[PDB]
Amino acid sequence: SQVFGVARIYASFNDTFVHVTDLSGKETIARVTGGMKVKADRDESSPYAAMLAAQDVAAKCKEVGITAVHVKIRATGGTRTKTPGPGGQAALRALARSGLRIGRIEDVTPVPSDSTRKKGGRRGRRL
Amino acid sequence: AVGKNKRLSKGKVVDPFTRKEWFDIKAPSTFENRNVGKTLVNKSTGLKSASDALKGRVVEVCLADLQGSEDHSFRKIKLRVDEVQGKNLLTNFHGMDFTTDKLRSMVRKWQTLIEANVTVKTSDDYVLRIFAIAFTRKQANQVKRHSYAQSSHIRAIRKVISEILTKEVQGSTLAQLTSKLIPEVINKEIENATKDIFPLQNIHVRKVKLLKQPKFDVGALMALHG
Amino acid sequence: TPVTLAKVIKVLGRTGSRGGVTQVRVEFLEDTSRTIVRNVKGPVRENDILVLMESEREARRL
Amino acid sequence: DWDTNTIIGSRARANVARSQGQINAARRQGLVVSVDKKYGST
Amino acid sequence: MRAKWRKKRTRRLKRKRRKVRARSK
Amino acid sequence: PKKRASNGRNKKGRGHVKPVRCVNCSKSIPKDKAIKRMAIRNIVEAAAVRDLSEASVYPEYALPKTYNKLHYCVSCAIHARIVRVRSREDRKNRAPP
RNA sequence: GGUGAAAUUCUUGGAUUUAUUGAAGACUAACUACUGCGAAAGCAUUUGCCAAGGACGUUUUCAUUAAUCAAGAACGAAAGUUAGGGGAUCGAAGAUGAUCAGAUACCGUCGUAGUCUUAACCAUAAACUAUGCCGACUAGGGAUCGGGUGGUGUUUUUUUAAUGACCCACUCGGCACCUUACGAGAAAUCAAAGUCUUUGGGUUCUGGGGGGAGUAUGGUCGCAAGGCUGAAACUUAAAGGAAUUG
Ligand SMILES: [Mg+2]
Ligand SMILES: [Mg+2]
Ligand SMILES: [Mg+2]
Ligand SMILES: [Mg+2]
Ligand SMILES: [Mg+2]
Ligand SMILES: [Mg+2]
Ligand SMILES: [Mg+2]
Ligand SMILES: [Mg+2]
Ligand SMILES: [Mg+2]
Ligand SMILES: [Mg+2]
Ligand SMILES: [Mg+2]
Ligand SMILES: [Mg+2]
Ligand SMILES: [Mg+2]
Ligand SMILES: [Mg+2]
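Residues numbered from 1 in each chain as written, not as in the entry; some residues may be left out. Chains lettered and ligands numbered in written order. Part of a larger assembly, values for the part shown. Heavy atoms only, no water. Residues with missing side-chain atoms left out of burial classes, pairs and counts.

Within the PDB entry, the label attached to chain F reads Small ribosomal subunit protein eS26A, and the organism entered is Saccharomyces cerevisiae. Looking at the PDB record, one finds the entry titled "Yeast SDD1 Disome with Mbf1". Under Subcellular location, UniProt gives the following word-for-word description of chain F: "Cytoplasm". On record in UniProt, under Sequence similarities, the comment for chain F is "Belongs to the eukaryotic ribosomal protein eS26 family." (UniProt positions renumbered as here; feature names shortened; annotations may be inferred.)

Looking at the PDB entry, one finds chain B named 40S ribosomal protein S1-A, with Saccharomyces cerevisiae as its source organism. Listed in UniProt under the heading Subcellular location, the comment for chain B reads: "Cytoplasm". Reading the Sequence similarities entry of the UniProt record for chain B gives the comment "Belongs to the eukaryotic ribosomal protein eS1 family."

> I'd like a rundown of the overall build of chain B, residues and numbers included.
When helices and strands are tallied, chain B shows seven helices and eight strands. The C-alpha atoms of chain B give 23 Å as radius of gyration, which overshoots the globular expectation for 226 residues (17 Å, by more than 25%). Here the C-alpha coordinates of chain B stretch approximately 70 × 55 × 35 Å along the principal axes. Expressed as a percentage of its 226 residues, the buried residues of chain B come to 42%. Carbon and sulfur atoms form 50% of the exposed surface of chain B, whose accessible area is close to 12600 Å². (Helix = DSSP H or I, 4+ residues; strand = E, 2+ residues; numbered from the N terminus. Rg over C-alpha atoms; globule rule 2.2 N^0.38 Å. Buried < 20%, exposed > 50% of the residue type's maximum accessible area, 1.4 Å probe, protein only. Areas by Shrake-Rupley, 256 points an atom, 1.4 Å probe, with all protein chains shown as cover.)

> Can you tell me about the pattern of salt bridges, naming the residues and giving the values?
Overall, the coordinates contain 17 salt bridges over all chains when judged by the stated rule. Between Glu70 of chain B and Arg104 of chain A there is a salt bridge, with its nearest N and O atoms 2.6 Å apart. With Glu70 of chain B in the loop between α2 (63-67) and β4 (76-83) and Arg104 of chain A in strand β6 (residues 101-107), the pair connects residues from two separate chains. When salt bridges that share partners are traced, they join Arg93 and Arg97 of chain A, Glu56 of chain C together with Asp51 of chain F into one network. (Salt bridge = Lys/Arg side-chain N within 4 Å of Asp/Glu carboxyl O.)

> I'd love a proper account of helix α4 (residues 153-169) of chain B, names of residues and values included.
Residue and element names in this part refer to chain B. For α4, with 17 residues, the first-to-last C-alpha span of 25 Å sits near the 24 Å given by 1.5 Å per residue. For α4, the full list of buried residues reads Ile154, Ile157, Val160, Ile161, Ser162, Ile164, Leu165, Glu168 and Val169. Of the surrounding secondary structure, the elements contacted by the buried residues of α4 are β6 (113-118), β7 (127-135), α5 (175-181) and α6 (186-194). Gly171 sits one or two residues past α4 and shows a positive phi near 130 degrees. (Expected span 1.5 Å × (residues − 1). Contact = heavy atoms within 4.5 Å.)

> Tell me what's going on with the interface of chain A and chain F, and back it up with residues and numbers.
Across the contact, 25 residues belong to chain A and 24 residues belong to chain F. Together, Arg93, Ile105 and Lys118 of chain A form the three largest contributors to the area buried by chain A at its contact with chain F, with a combined 26%. Inspection of the region where chain A meets chain F yields two salt bridges. As a salt-bridge pair, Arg93 of chain A and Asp51 of chain F come within 3.3 Å of each other at their nearest N and O atoms. For the interface between chain A and chain F, the tally reads 13 residue pairs in polar contact. Going through the elements one at a time, β5 (68-74), α2 (88-97) and β6 of chain A are the ones with two or more residues in the side of chain A that touches chain F. At six residues, β6 of chain A tops the list of elements feeding residues into the side of chain A that touches chain F. Of the residues that constitute the side of chain A that touches chain F, the class distribution is seven nonpolar, six polar and 12 charged. (Buried area = accessible area lost by both parts, 1.4 Å probe. Polar contact = N/O pair within 3.5 Å; in protein donor to acceptor, adjacent residues only side chain to side chain. Nonpolar A, V, L, I, M, F, W, Y, C, P; charged D, E, K, R; others polar.)

This is the structure in C-alpha cells:
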C-alpha cells in the first residue's frame, strides 16, 4: 500500500542535501539542498535550511506518488570529517512530520580501510 | 544562496513525471516476499527502448523485508534486474551485505577479530567472493578481561573457515546458497568446527559479492519466477 | 497567518552571553502532550503562555 | 554503551474496536491481541 | 635566534665561502 | 624537568608507533599519544524518537546507532573541553570518571 | 564548494547529488592495549616458500672457549642525490583569494620536485629511557606476554577420552606498573639515579665557567648537499639546574 523511496540525506558541514530516489536509485525525485532556502552562505548547513529543504522533498514526493521512504544518513566520509552535520537530524525529523513514512534508517558514510592521506600537513590546520 | 550564481550559462519547462510511469519489482522465489517496490522510467519511445533503460538496475533491499521476520534485520540483499515483462520486471540475486551498525556493534575491543575470504566458483560458473567474520569470546568462569587468540589459533581458524566456505559453494548452484544463507545455517558448522580451537562468538558470516556471470539462460530466471 | 499557543511548564535557565535570553520548555495547548524547547527574550514565569509563528524549533544555547 | 539500544514503532494502549472499519484496519497490519467471548448471553 | 636557523645561516655562509675561494684555486 | 613518567604516551618497548591524524585539524600524532574516544549515539536524536515511533511503518523497529572512534591531538583535546589540565597530584590519576 | 566571515574555483555546454561499471597508484582502518617481536632505525591484510631468533624443557654434549673493547667492520627514520619505472592522493617551490598598517605568513583553492618502487649513494635525528655493557646483593603488591609443572577444579567434543579454552597454586624469562623510602639526590625525583668520605666487582666512552664556535684552517669520506676530525686571537662575571612566594 506504501510506495517506498530512499531519502539519502547528505548531512555535511557547509551544506545539507536531501533527495528521494527510487528503490533502484537510478531515478531521482526532489533534490533540494539547504543552500537554496537561506540567503547567508554561512548557514547552508543549519537545522532551519535542512528542515525547509526536507519539507520541500515531501511536497514533491506526495504530488508524485511517494508515500514512504527509507533513510540513508551520510557524513562526508573518506578522509574527511566522518561525522554528521547539524542538518541531519533536522532533515530526518522534518520529513517525518510532513506525512511521509519512515523505515530502515541507516548510515552510508564512506569509511575507508585507511585510504590515501588527509589534507593539512603533518603539523595540522594551524588556527 | 540564490543570488550568488554569476552566470548560469557558459555559452550565453516540461514536467517529466507526467512522462514517467511505474513498474514493479519481483524478488526470486527463494524469498518469502515477491513484492519489493516500484520504479520509475520514462515512456517507451521508438528510439530509446525503455526496457533496456531499466534492464540493468540494482535494487537495495533488506532481508527482513524479504522474509517478514525482524531477526534478519541487518543482512542487506542486492537484487539485479534481468528480464522485464509488462510492468512486471524480474530480478535475480546480485549480492549480500551487512548494515554498518551491525558490523560496528560486533567489533569491540579486548577480543580478537578474525576475517576470512574465499573466491570459489559455484556450479553455474558463478564466481563469488564470500567473506567470514568471527570474534573470540570470554568464556564463563573466566577471570581475566581480554581473551585474545594466539595467532596460530587464528591461522587454524582461518584455514577451517576457508575450507568450509569453499566446500559449501561447490555443490550449491546459486539458489541452494541463497537458501543456505537465509537460515544462517553457515554460521553453525563454523562454530562446531572451531570450538576445538577457540570459543569464537559472533559468526554472522559477512557480505558475499558477485564477480563474474555466465550467459543469460533465461530458463533459469523463469524457474525463479514461474 | 497560522499561530500556535504554547504554555511554559519548566524553566531551564538563562542563556546568551549577556544573560538576556531564557531557555524554557513549553507545552502546546492544541496537540497536547508534545513538548519542545524554545528561547524567550523577556521575563518568563511558570504558567506563561507563548505564541509562536512556527513550532518547528529546537533551542540551542547562544 | 555498546549493548544498550532503544525500540521505536507502533508499540512505543489496547482498546476495544467498536467500528468494523477499525476491526478491518487492525487485522490488516496485524495488531489484534485477543478475541474474547462476551460476558452476557445472546 | 633559533639554533636551527643559526645552523642554516652558517651553512649558507660556508657555501658562499667555499665558492668564493674556488675562484682562486 | 620531566613532567611525566611515560612522557606523553604509551611507548615502552615499541621503538615506533606509526601515527594517526587528528579528527579536528589533521595533525599527525602518534597513536599511543592520542586521546582516543568512542562516540556512540543513536541514529536519531532523542527529541525525535517519539516523533519517529509514530511515523514508522514497522511495529517493532530497533533504532540503529552510530559508532565512531575519535582521535584528538593534545592541542585540540584541551581546546575542546576534554582532558584539558589537571593538578600535579591529579596528573597521576589514570582512572576515568 | 570552502570559511570565524568571505573570495578565488566549477556550474542550464547540467556543477554538487544518485545509480551502474572500469582503470590507476598509495595505504593496511575498526580489532589496537601502560600488549608482542627486533641490535637499533623499525615492524600491523591473506597464503606459499626461504633462512634466522629468543624464552622455556633437558639426569644431552664441549669444556673456560669469557666481559668490555683503541684500530677496523655491518645496519642505520625522514629529508636529500643519480639512473629507469610509476606518478591516485597529499604537497618544500611556485601561482592565486582573503585577513592585515604590511603578510611573498597563519587561513582557502590549485599546484611542480617529492611522497611509491628498482639499482646505487648519503651516515644524520629531542637516532630519548636525554639514563653504556657484563656480574652480585637489597622492600612489599597484583596484573599481563611466552614456556613449563601440579591440581579427582569448570566447559565442550563422542554424557564420557586425548586435546583445546578457561580456574587455582608454583616456577623461569619479558614489557611495565602500584605503594613505601631502609638508601640516594641540589631538588624534581629514583628498586635504581641504592649497596658511594664506613670512598676499590670488571670494563669502554665522554665533560671541566659563558661566549667566540662546532667558526677558521689542514686532512679525510661523499656526485653533491654535507659527514668525521677540529683550534686560536678576542671578550666576559656571571650563564645555567631544581624548587619557593608573588
Ligand atoms: Mg615547562
Ligand atoms: Mg625513535
Ligand atoms: Mg549530474
Ligand atoms: Mg587490517
Ligand atoms: Mg599481539
Ligand atoms: Mg648526533
Ligand atoms: Mg645522546
Ligand atoms: Mg646491576
Ligand atoms: Mg605463566
Ligand atoms: Mg612473570
Ligand atoms: Mg615483553
Ligand atoms: Mg674547569
Ligand atoms: Mg668550555
Ligand atoms: Mg626553572
